[PDB]
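The listed protein sequences derive, respectively, from chains A and B.
full-length UniProt numbering puts the first sequence at residues 13 to 83, 88 to 96, 100 to 121, 128 to 455, 461 to 503.
full-length UniProt numbering puts the second sequence at residues 14 to 52, 60 to 83, 90 to 93, 103 to 121, 131 to 455, 466 to 502.
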Amino acid sequence: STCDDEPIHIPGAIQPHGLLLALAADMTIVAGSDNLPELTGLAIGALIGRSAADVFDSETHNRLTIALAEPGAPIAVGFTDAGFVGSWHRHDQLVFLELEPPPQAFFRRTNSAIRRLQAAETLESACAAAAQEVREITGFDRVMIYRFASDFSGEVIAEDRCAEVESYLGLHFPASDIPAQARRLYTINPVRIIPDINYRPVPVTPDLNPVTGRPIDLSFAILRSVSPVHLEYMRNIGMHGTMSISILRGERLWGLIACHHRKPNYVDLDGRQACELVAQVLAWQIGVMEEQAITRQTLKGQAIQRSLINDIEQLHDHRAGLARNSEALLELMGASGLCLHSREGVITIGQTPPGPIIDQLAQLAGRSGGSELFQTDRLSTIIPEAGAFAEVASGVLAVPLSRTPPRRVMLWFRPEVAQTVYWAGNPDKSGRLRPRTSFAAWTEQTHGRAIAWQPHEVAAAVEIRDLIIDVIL
Amino acid sequence: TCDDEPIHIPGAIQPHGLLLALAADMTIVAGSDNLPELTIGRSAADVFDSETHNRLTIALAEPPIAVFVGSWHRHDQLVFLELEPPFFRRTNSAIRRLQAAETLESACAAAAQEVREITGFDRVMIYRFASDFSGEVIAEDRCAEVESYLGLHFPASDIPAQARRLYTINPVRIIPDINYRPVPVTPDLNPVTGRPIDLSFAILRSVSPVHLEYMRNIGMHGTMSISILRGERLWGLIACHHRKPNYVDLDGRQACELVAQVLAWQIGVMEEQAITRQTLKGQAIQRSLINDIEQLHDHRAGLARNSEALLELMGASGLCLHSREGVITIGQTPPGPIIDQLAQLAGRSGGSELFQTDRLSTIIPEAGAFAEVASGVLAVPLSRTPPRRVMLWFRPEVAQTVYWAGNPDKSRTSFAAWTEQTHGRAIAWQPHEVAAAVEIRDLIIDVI
Ligand SMILES: */C=C/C1=C(C)C(=O)N/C1=C\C1=NC(=C\c2[nH]c(/C=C3\NC(=O)C(C=C)=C3C)c(C)c2CCC(=O)O)/C(CCC(=O)O)=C1C
Ligand SMILES: */C=C/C1=C(C)C(=O)N/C1=C\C1=NC(=C\c2[nH]c(/C=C3\NC(=O)C(C=C)=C3C)c(C)c2CCC(=O)O)/C(CCC(=O)O)=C1C
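Okay, structure coming up:
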């Protein structure tokens, strides 16, 4: 898995659709797109050292001098008197600059759909809304949204695509289809467009940082050359025009708007400017629906909680009370059974496994990770011998009642479900490395897996311990 | 009597635009007296011709618009419709900036900055409410030569009680000329619910003359605000200003608002990463005097041994332990309305959330005599109402000098810079102290 090793930020080339300049403080252009000879008469070794204004208009000269002042795109490079597009940044310690060819109606489209994501009630009503709008404005034949799992494997959770375009919906993808580095930068470079995938790269000459002992960091490059492997990837997939957007909830890369096209296709700055905003608007709503659900589960835990308050007020042992209310509260968070583990007293309510519940789970419990909690959807995975009791103990939820010794333990159990997940692949079949040739959906049925706990169910158990405590006074 | 003037059924609108009220299965009933003139109760299909009525009616019937400019809404059960006389990279690039802004101040002076470049307004100030709902202009972006109101406090009265629920529910407002002569609505009879015309989501609505009095005073004749909503509670306001009158068209004023929503989350971003950047430093010395209190044969010998340490945690002038039976004081002590007038003050309208206050003579008036030890107070419930054993830390009074736009004594006249020396006020709390306290009681609970 050298996938996580290939240095992608220094491809030593940019793409042909634009041309690029790297400049120091006083606009000595350091490096250059090797198609810049076709731009000012000067082959690259002659551009080097030269000053910036001469290249340019007198209009476009001054207007970049002022944008550089503040210690952010887009200026226009009309330079001589045609019109170019000026995206820039500072990086390393020199200023980069990439160049691109050439109101209201575009913009009403945006808020009509900004405000649409605002009304979306479910993630799915939101994401077939997200993906939909990204498509009505980037025109791509296919606009999919990709969820990341814990592993950084993924799943198409929504999709919007023009008819005749074959569908990759509900499909899982390996954690390898985006390796470590790509994610480390897509967390910080939130956007990428590659418009032709058999593009011939236009190198930069030189590949040297005059600033430091380095090749050219092309991190904040929208023009940077990408891996040939991810290209073989996309000829395989049969989509020759592609674009992504990183969807970030709080500096953890959450998922991706990956758009696709059968033929090549170009999105201008404004077009993918709006698009950054869509992933931004949606990273918001995902956090709202996330948190407005935590209040509607905190909602129906009302009627059934008050039940076991009257039941510990009357019985004055809680275990006798709560375990009476057991037939509903374990369906509340859809648990199969639970058990209460006091190191003196273990009382198992409903469905539960024996004597390695105690030691092999409570010594497994919090690790005195004070602010932490323990769970799995698979338990045969972590205590392999639980494989035997996987039928009643496949997944688990558990809550401490104290700084360890006291090691008071509550735990919810979930049984094994035969679920079917499907993917393109062959996630085992993932000289150089090589990308897959076929992406037809194969289905896997899963042994030993619980249904996924969500904070939605977690908030339930979370609330329970916080009341048992209130009563104990 | 400030919280009493009914502004929402003012029975009039502003002259620059004109508006009509119609009966829902569409026929038009009650008319604004600003529109009859240059163009009584009628049937409704009767609009421009089928183009702007029908395609626009079907869009409003089933589920903005262009006709003049056609904004609408449904309210107190009838159909509204307002009319006013008749870029994008800027908007996103300021989200993109509003997202990278590192501190609360860089969040607001970015906020303040775009809203100016998109209304051209002479002054775009950002106005945070403190708890009492007095306020302070915390950041500002402005055209030169125009007087600067930054770091300035204002009365809570400059926007009264009712006015606020409205900015809590109608999130935006513009009046372009403040000496508009109000052109009435006729009638101001709701034909549906038979009482005056609720003009709540009317953006053309006639505004209060009291606040008109305001802007002739201040000398700014073109103004617009946007209210900032963090979770259904009015947190603050983008108050924009202009020396002359000025109109911002509709799509132009939609962009202004969206910025405040971005900041309503962006502030919520800051709200929560300072909330965890403190719990760290934080643990390291805390966990120490937990084990030194966790020398519990029982706790006072444990706690009060290291209390002289845990007291330094929160600017604890004194604290108290309040169980209905056992009240234990660490440090400087208030005596008998500690028990009764604070723990009943505590969980009543507890609202599941805690009580903290900087002022006590304002919340229990007799605390005035004890300002030297009790001017501000914090308390945490142990939780059910009651026994509700409540712990509480307090703070003495600090002499700060606060600045105001003119004296805080009202009708108002002029708002030049004057100083008040503020007595009986304690110095504040944000969670590096509040989160401390929360974590602290969590410890005490884990203890018994
Ligand atoms: C082991 C090497 C790789 C395999 C196998 C593979 O599939 N990808 C490998 C490395 C890289 N991928 C790069 C970019 C990239 N990968 C994806 C993955 C998907 N694209 C899709 O459309 C879907 C699903 C519908 C998936 C799962 C994406 C989206 C991207 C970004 C570009 C785009 O939008 O298509 C990559 C980085 C190249 C670079 O930009 O430097 C590498 C190294
Ligand atoms: C208690 C009555 C009032 C006093 C006293 C007063 O000074 N004004 C009073 C009444 C109203 N104010 C209304 C709206 C309003 N008020 C403010 C106050 C400020 N403007 C500023 O620029 C700053 C600070 C820099 C402050 C504190 C604002 C911003 C607004 C909203 C409109 C605007 O942008 O100016 C108001 C409502 C009138 C209506 O809607 O009919 C009333 C009654």
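Note that beta-carbon positions come from the ideal geometry of N, C-alpha and C, so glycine has one too.
In the DSSP output, what is residue i paired with across the bridge?
i: A:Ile-20; result: In the DSSP output, where bridge partners are listed per residue, A:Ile-20 has none listed.
i: A:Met-169; result: A:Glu-184, A:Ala-283
i: A:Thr-96; result: Bridge partners of A:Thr-96: none, in fact.
i: A:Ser-351; result: For A:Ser-351, which the question treats as bridged, DSSP gives no partner whatsoever.
i: B:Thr-401; result: B:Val-421
i: A:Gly-179; result: A:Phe-173, A:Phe-198
i: residue 126 of chain B; result: Within the gap of chain B, which runs from 121 to 131, lies residue 126 of chain B, and it has no coordinates in the structure.
i: A:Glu-119; result: A:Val-104
i: A:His-366; result: A:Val-371, A:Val-434
i: B:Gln-444; result: B:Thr-476
i: B:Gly-266; result: B:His-286
i: A:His-110; result: A:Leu-113
i: A:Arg-75; result: For A:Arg-75, which the question treats as bridged, DSSP gives no partner whatsoever.
i: B:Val-216; result: B:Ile-270
i: A:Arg-239; result: A:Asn-234
i: B:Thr-40; result: B:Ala-36
Assuming residue i contacts residue j under a Cβ cut-off of 8 Å, what Cβ separation, rounded to an integer in Å, is found between them?
i: B:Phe-132; j: A:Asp-295; result: 6 Å
i: A:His-197; j: A:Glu-180; result: 5 Å
i: A:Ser-367; j: A:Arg-433; result: 6 Å
i: A:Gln-298; j: A:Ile-20; result: At roughly 24 Å, the Cβ-Cβ gap does not stay under 8 Å, so A:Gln-298 and A:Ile-20 are not in contact.
i: A:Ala-423; j: A:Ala-390; result: 6 Å
i: B:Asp-232; j: B:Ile-22; result: 7 Å
i: A:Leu-118; j: A:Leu-35; result: Actually they do not touch by this definition, with Cβ atoms about 13 Å apart.
i: B:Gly-266; j: B:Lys-288; result: 6 Å
i: A:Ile-262; j: A:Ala-155; result: Their Cβ separation, rounded to whole angstroms, is 21 Å, which puts A:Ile-262 and A:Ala-155 out of contact at 8 Å.
i: A:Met-268; j: A:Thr-163; result: 7 Å
i: A:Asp-242; j: A:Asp-111; result: 5 Å
Does the beta-carbon of residue i have 16 or more other beta-carbons within 10 angstroms, so that it is buried, or is it exposed?
i: B:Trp-472; result: exposed
i: B:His-477; result: exposed
i: B:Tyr-447; result: exposed
i: A:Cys-300; result: buried
i: B:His-341; result: exposed
i: A:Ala-360; result: buried
i: B:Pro-409; result: exposed
i: A:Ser-427; result: exposed
i: A:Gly-326; result: buried
i: A:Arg-479; result: buried
i: A:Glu-441; result: buried
i: A:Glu-146; result: exposed
i: A:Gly-53; result: exposed
i: B:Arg-321; result: exposed
i: A:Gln-310; result: buried
i: A:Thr-77; result: exposed
i: A:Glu-487; result: buried
Just to make sure I have the definition right: I need the residues of chain B whose C-beta is within less than 7 Å of the C-beta of residue i. Which are they?
i: A:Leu-302; result: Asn-136, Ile-139
i: A:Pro-90; result: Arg-133
Give the residues of chain A in contact with residue i, contact being defined as C-beta atoms less than 9 Å apart.
i: B:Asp-295; result: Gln-129, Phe-132, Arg-133, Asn-136
Below 8 Å on C-beta distance, what does residue i contact in chain A?
i: B:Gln-310; result: Under the 8 Å cutoff, chain A gives no residues; its nearest Cβ is about 10 Å from B:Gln-310.
Closer than 9 Å by beta-carbon distance: list the chain B residues that pair up with residue i, in chain order.
i: A:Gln-305; result: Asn-136, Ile-139, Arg-140, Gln-143, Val-306
Name the residues in the region 423–437 of chain B whose C-beta lies less than 7 Å from a C-beta of chain A; which are they?
Taking 7 Å as the Cβ-Cβ cut-off against chain A, the residues of the region 423–437 of chain B that qualify are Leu-426, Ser-427, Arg-428, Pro-431, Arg-433.
Quick one: which residues of the region 482–503 of chain A get their C-beta closer than 7 Å to a C-beta of chain B? List them in chain order.
Within the region 482–503 of chain A, the residues whose Cβ lies closer than 7 Å to some Cβ of chain B are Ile-499, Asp-500, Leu-503, listed in chain order.
Residues in the UniProt domain "Phytochrome chromophore attachment site" (147–305) of chain B with C-beta within 9 Å of chain A's C-beta atoms, listed in sequence order?
Listed by position, the residues of the UniProt domain "Phytochrome chromophore attachment site" (147–305) of chain B near chain A (Cβ gap below 9 Å) are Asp-295, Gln-298, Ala-299, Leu-302, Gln-305.
For the region 101–121 of chain A, list every residue whose C-beta sits within 8 Å of some C-beta in chain B, in sequence order.
For the region 101–121 of chain A, the set of positions with a beta-carbon nearer than 8 Å to some beta-carbon of chain B is empty.
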